[PDB]
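J.:
Protein chains in written order, with full-length UniProt numbering: chain W, 1 to 86; chain G, 1 to 86; chain L, 1 to 152; chain S, 1 to 152; chain R, 1 to 152; chain V, 1 to 145; chain E, 98 to 145; chain Y, 2 to 109.
#1: Can you name the residues that DSSP bridges to residue 23 of chain G?
#2: Can you list, in chain order, the residues of its chain with a C-beta nearer than 7 Å to that of residue 84 of chain S? Leave out the 5 residues immediately preceding and following it.
#3: Expressed to the nearest angstrom, what Euclidean distance is found between the alpha-carbon atoms of residue 33 of chain W and residue 1 of chain W?
#4: With burial defined as no fewer than 16 other Cβ atoms inside 10 Å of the residue's Cβ, what is the status of residue 198 of chain V: buried or exposed?
#5: Mind pulling the alpha helix (DSSP H) runs of 4 or more residues that sit fully within the region 80-107 of chain Y?
#6: Taking residue 130 of chain L as part of the beta strand (DSSP E), name the residues at either end of that continuous run.
#7: Check this for me: beta carbons of residue 75 of chain Y and residue 53 of chain Y, under 8 Å apart or not?
#8: With a CB to CB cut of under 7 Å and the five nearest residues on each side skipped, what residues in its chain are close to residue 36 of chain L?
#9: Verify the CB distance criterion: does residue 49 of chain L have a CB-CB separation below 8 Å to chain E?
#10: Once you ignore the five residues that flank residue 50 of chain S on each side, which residues in its own chain have a CB closer than 8 Å to its CB?
#11: Return yes when the Cβ of residue 39 of chain R is within less than 8 Å of the Cβ of residue 136 of chain L, no when it is not.
#12: Determine whether the beta carbon atoms of residue 78 of chain V and residue 35 of chain V lie at a separation below 8 Å.
#13: Between the C-alpha atoms of residue 25 of chain Y and residue 70 of chain V, what's the straight-line distance to the nearest angstrom?
#14: In terms of residue numbering, what span does the alpha helix (DSSP H) encompassing residue 96 of chain V cover?
#15: Near residue 109 of chain Y, which residues of its chain fall below 7 Å by C-beta distance, leaving aside the five closest residues on each side in sequence?
#16: Going by the DSSP bridge assignment, what does residue 83 of chain V pair with across the sheet?
#17: According to DSSP, which residues form a beta bridge with residue 160 of chain R?
#18: What does residue 120 of chain V pair with, by DSSP beta-bridge criteria?
#19: What residues from the region 62-93 of chain V come within 7 Å of chain L, judged by C-beta to C-beta, listed N to C?
#20: By Cβ distance, which residues of its chain are closer than 8 Å to residue 104 of chain E, with the 5 residues on each side in sequence left out?
#21: Using DSSP with H/G/I as helix, E/B as strand and the rest coil, what is residue 113 of chain V?
#22: Taking 8 Å as the threshold (C-beta atoms), are residue 127 of chain R and residue 32 of chain R in contact?
#23: Whose CA, out of R:47, R:12, R:151, lies closest to the CA of residue 108 of chain R?
#24: Please list the terminal residues of the continuous beta strand (DSSP E) segment that includes residue 149 of chain R.
#25: Quick one, which of Y:32, Y:30, Y:8 has its alpha-carbon nearest residue 21 of chain Y's?
#26: What's the gap between the Cα of residue 3 of chain L and the Cα of residue 111 of chain L?
#27: Would residue 141 of chain V count as contacting chain W if we go by Cβ distances under 8 Å?
#28: Report all residues from its chain with a CB closer than 6 Å to the CB of residue 114 of chain R; omit the five preceding and five following residues, and keep chain order.
#29: Output needed in chain order: residues of the region 51-72 of chain Y with a Cβ under 8 Å from some Cβ in chain V.
#30: Kindly identify the DSSP beta-bridge partner or partners of residue 142 of chain R.
#31: Determine the DSSP secondary structure at residue 50 of chain Y, reduced to helix, strand or coil.
#32: Taking Cβ to Cβ, would you say residue 119 of chain R is nearer than 8 Å to residue 141 of chain R?
#33: What are the boundary residues of the beta strand (DSSP E) that residue 30 of chain V is part of?
#34: Using the Cβ count rule (16 or more neighbours within 10 Å means buried), how would you classify residue 94 of chain R?
#35: Using three-state DSSP, classify residue 29 of chain Y as helix, strand or coil.
#36: Please work out which residues of its chain come closer than 7 Å, Cβ to Cβ, to residue 22 of chain R, disregarding the five sequence neighbours upstream and downstream, and give them in chain order.
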């Protein structure tokens, strides 16, 4: 997407990294699509003359949807552990 | 639609009239569709034997939906003013 | 007596990065159509209720197909153009990296220039037929600018 | 004996703004049909649940395809007419930009007048086919008004 | 003079696990095309609401079809390749089971290597035409990456 | 079909201008669609009148009263675009995370001032190996004077 | 009218004491001299 | 519903043979008002900034699009006490001049 121009050939696409131990989990995931959604709601008040005013905006957490293929069993239960982690 | 038999050739199909001054507004509007909708709700009471009775009917305002094409810029300003008029 | 012959046609393609100076095509395949394009569609219409009509502008692309003899030098050059990667070649954005300009000439002498576009598709390897020959490769372009060059 | 020949036919095309005085068509192509058109269906019908029939009136356009010999003056005139973008100039209300009328005469003497229409399709660049010649360029019009005086 | 012959060409097919050492193809059928392929479209384009043109890069596969005389050794080898199920054995990370390499040599001397692909369709029992002969078996490959070295 | 011959008075270029800086931003986008919605609310109750006065007095009424019954709601603007580079993407997201960001959007001929981002989508797929699809929405903060 | 009732007869089905609830009208280039209608009725009271 | 004091082709008080400063009634008061409004320039009105036509930034300066001039002129035609809506703006720019035509709608 422009920006970085590295000339490194074998770079890496989407990868989840653990933020505690700087480790990759489920590194062998065949990714198909990535969708990122942002959302916010602006509260509006209905005035007297006939106009309509806005006073502030509230931001909610974003969401990411990933579609993958699992080429083995280890990827499947690695994904299960990824979800169950608390 | 039958009814009137004009014998006038160049007539007018659709026109918005300013009911105060009997004036045409946005006369240069090519039209793609015109839809007219009526609506009413009848209040029913649920009897004892097993029947069901209705006492009266209520009528809500009709709605007209028109799809147009604006061949210029003056028509766009005229449409915006038509909306903002109070 | 109108001469519609296609003998002596030459074409030059110049590129922004891959071929900054350009090359020329003169070997045009025999079995296939040496050059062709699809019909341009710059207008539209629709129907009203008074019975009338309404006409308006519309966006329109232009696609050109060029065929060459397999094994020719021009085939190698167009193959190089097809192998170019759009992601590479650092440049300013929004200016269609590696713009390719095509200049074509007729036997008469009329010259036409087309710009603002790039190569779009073409073969990757050669193809064998039952007759034992090799198919003439085809390459498709898309352009953006209709430089009105029909000079005498 | 009935004579149904087309030799000796002419077309005069005049546009509202681009070509105020009009130009003439004389060099019609030989491989593709000179004048073609599509069927006009200004009627429709619907079925009632008892099996009855109901017929109404419907809005219907007319389409015509005109082919010329490539490289002639007619070809360049139609190319100029095709490159006329509708963004420019100014139009009377309820008129459509470039209200073009086409008057075509049959060789017998009968004439037909078509109006309220524009140009849609055409070739941006010439096509060199297998034999080594140039394909006859074809263009399309759409009209919304009718006439015709087939006695003269 | 340009030489576009196909006689004297060869194919060597290497599979990751089923055929570690590879096998060769020499008997190409005569009723159907020996080597065929589908166009490569690594580019696309989209239209902008002002009428402009924007071109990007697209992910594109490569497809190849080969045909052999029914009942030869090449046909049985390709049948063995087709019956190999990806469920069995294993693979290195990011490799695809049975990464098949295909090396094609042109009769001139130039050659081409293709990798990261597999066989995906073909016949299972032989077809007997109404003339009393057997149709040439045709199998289709697919590949992810390619190369070209047309010097010799 | 040349383009870049844009007619005056209607030049189809999307210009977005920061409200305090008044300098154009995100000029790297390639937009494909623009939508404008301008709703309003209309009373839906039977309403009552005197109905026996002089004609012009009653004409004075049924005005002013109708003004009480038509109040204009904000303006919604939608666009669709493809973002080629990176810095534009992070600039848009930074503007999104701020509560105090306003912009003025200019379409072919329609001016809309004091807007604000409400929704934003980004999509990546094999259909575009070096770009991303965007879906941003704006909504007017305060009416003009 | 709040006080309108009709009896509708189909091929063989009788439905008495009905009343209009919904009505639609559409005008399009498909029909240049007619209009499409979508009426809806509902029974006011049961029969005896 | 409006009024003003009549002025000449140069914006001075115009006096009759009787010398009476005349209170013009509607319509021609609207014409005089709009003529004065379109000629007022931006940055001249004290106590009301951002009112006027931006001639030196939108028309006389080199400009790309020329919709800004239309918007500014339409706004200055508006803000008059009596104007309802604007029917047509053309903006010719033929020749060296900058041709502007306008037709407005009032309550009367």
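The C-beta atom is built at its ideal place from N, Cα and C for all residues, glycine as well.
T.: Let's see:
#1: On the second chain, position 23 is the one that residue 23 of chain G refers to. Per DSSP, the beta-bridge partners of residue 23 of chain G are G:18.
#2: The residue labelled residue 84 of chain S in the question sits at position 84 within the fourth chain. For residue 84 of chain S, same chain residues with a beta-carbon under 7 Å away, outside a window of 5 residues either side, are 18, 98 in chain order.
#3: Indexing the first chain from 1 puts residue 33 of chain W at position 33. Indexing the first chain from 1 puts residue 1 of chain W at position 1. Straight across, the Cα-Cα distance linking residue 33 of chain W with residue 1 of chain W is about 16 Å.
#4: No answer is possible for residue 198 of chain V: it lies beyond the span of chain V, which begins at 1 and ends at 145.
#5: DSSP assignment within the region 80-107 of chain Y yields no whole alpha helix (DSSP H) run of 4 residues or more.
#6: Here residue 130 of chain L corresponds to residue number 130 of the third chain, with the count starting at 1. Where residue 130 of chain L is concerned, there is no enclosing beta strand (DSSP E), given that its DSSP letter is neither H nor E.
#7: Against the eighth chain, residue 75 of chain Y aligns to sequence position 74. Against the eighth chain, residue 53 of chain Y aligns to sequence position 52. With respect to residue 53 of chain Y, residue 75 of chain Y sits apart: the two C-beta atoms are not nearer than 8 Å.
#8: The residue labelled residue 36 of chain L in the question sits at position 36 within the third chain. Excluding sequence neighbours, residue 36 of chain L sits near 65.
#9: Position 49 of the third chain, counting from 1, holds the residue named residue 49 of chain L. At a cut-off of 8 Å, the C-beta of residue 49 of chain L has a neighbouring C-beta in chain E.
#10: Against the fourth chain, residue 50 of chain S aligns to sequence position 50. Correct list: empty, nothing qualifies.
#11: Looking up residue 136 of chain L in the third chain gives position 136. Looking up residue 39 of chain R in the fifth chain gives position 39. No, these two residues do not count as a Cβ contact at 8 Å.
#12: The sequence position of residue 78 of chain V within the sixth chain is 78, counting from 1. The sequence position of residue 35 of chain V within the sixth chain is 35, counting from 1. Cβ distance < 8 Å, so residue 78 of chain V and residue 35 of chain V count as in contact.
#13: Looking up residue 25 of chain Y in the eighth chain gives position 24. Looking up residue 70 of chain V in the sixth chain gives position 70. Their Cα atoms are separated by approximately 35 Å.
#14: Residue mapping note: residue 96 of chain V aligns to position 96 of the sixth chain, counting from 1. Where residue 96 of chain V is concerned, the enclosing alpha helix (DSSP H) starts and stops at 87-97.
#15: As a position in the eighth chain, residue 109 of chain Y is number 108, starting the count at 1. 27, 28.
#16: Numbered from its first residue, the sixth chain carries residue 83 of chain V at position 83. Residue 83 of chain V is bridged to V:132.
#17: Residue 160 of chain R is absent from the structure shown; chain R starts at 1 and stops at 152.
#18: Position 120 of the sixth chain, counted from the first residue, corresponds to residue 120 of chain V. DSSP, once it has assigned bridges, lists W:38, V:136 as partnering residue 120 of chain V.
#19: Answer in chain order: 84, 85.
#20: The residue you call residue 104 of chain E lines up with position 7 of the seventh chain. Excluding residues within five positions, the ones whose Cβ falls inside 8 Å are 111, 112, 113, 114, 115.
#21: Indexing the sixth chain from 1 puts residue 113 of chain V at position 113. DSSP places residue 113 of chain V in strand when its eight states are reduced to three.
#22: To locate residue 32 of chain R, count along the fifth chain from 1; it is residue 32. To locate residue 127 of chain R, count along the fifth chain from 1; it is residue 127. No. Outside cutoff.
#23: Walking along the fifth chain from the start, residue 108 of chain R turns up at place 108. For residue 108 of chain R, the closest alpha carbon among the candidates R:47, R:12, R:151 is that of R:151.
#24: Taking the fifth chain and counting its residues from 1, the one referred to as residue 149 of chain R is at position 149. Here residue 149 of chain R belongs to no beta strand (DSSP E), and DSSP marks it neither H nor E.
#25: Mapped onto the eighth chain, residue 21 of chain Y falls at position 20. Looking at the Cα atoms, Y:8 is the closest of the given residues.
#26: As a position in the third chain, residue 3 of chain L is number 3, starting the count at 1. As a position in the third chain, residue 111 of chain L is number 111, starting the count at 1. Roughly 17 Å separates the two Cα atoms.
#27: Here residue 141 of chain V refers to the residue found at position 141 when the sixth chain is read from its first residue. For residue 141 of chain V, the closest Cβ of chain W is nearer than 8 Å.
#28: The sequence position of residue 114 of chain R within the fifth chain is 114, counting from 1. Annotation for residue 114 of chain R: 102, 143, 146 place their beta carbon closer than 6 Å to its own, counting only its chain and skipping 5 residues before and after.
#29: Taking 8 Å as the Cβ-Cβ cut-off against chain V, the residues of the region 51-72 of chain Y that qualify are 65, 66, 67, 68, 71, 72.
#30: Working through the fifth chain from its first residue, we reach residue 142 of chain R at position 142. Residue pairing of residue 142 of chain R in beta bridges, as defined by DSSP: R:63, R:118.
#31: Numbered from its first residue, the eighth chain carries residue 50 of chain Y at position 49. Residue state, collapsed to three classes: coil.
#32: Numbered from its first residue, the fifth chain carries residue 119 of chain R at position 119. Numbered from its first residue, the fifth chain carries residue 141 of chain R at position 141. Yes. Within cutoff.
#33: Within the sixth chain, numbered from 1, the residue matching residue 30 of chain V stands at position 30. Element bounds for residue 30 of chain V: 30-37.
#34: Walking along the fifth chain from the start, residue 94 of chain R turns up at place 94. Exposed.
#35: Looking up residue 29 of chain Y in the eighth chain gives position 28. Helix at residue 29 of chain Y.
#36: By one-based count along the fifth chain, residue 22 of chain R stands at place 22. Cβ within range, chain order: 12, 13, 14.
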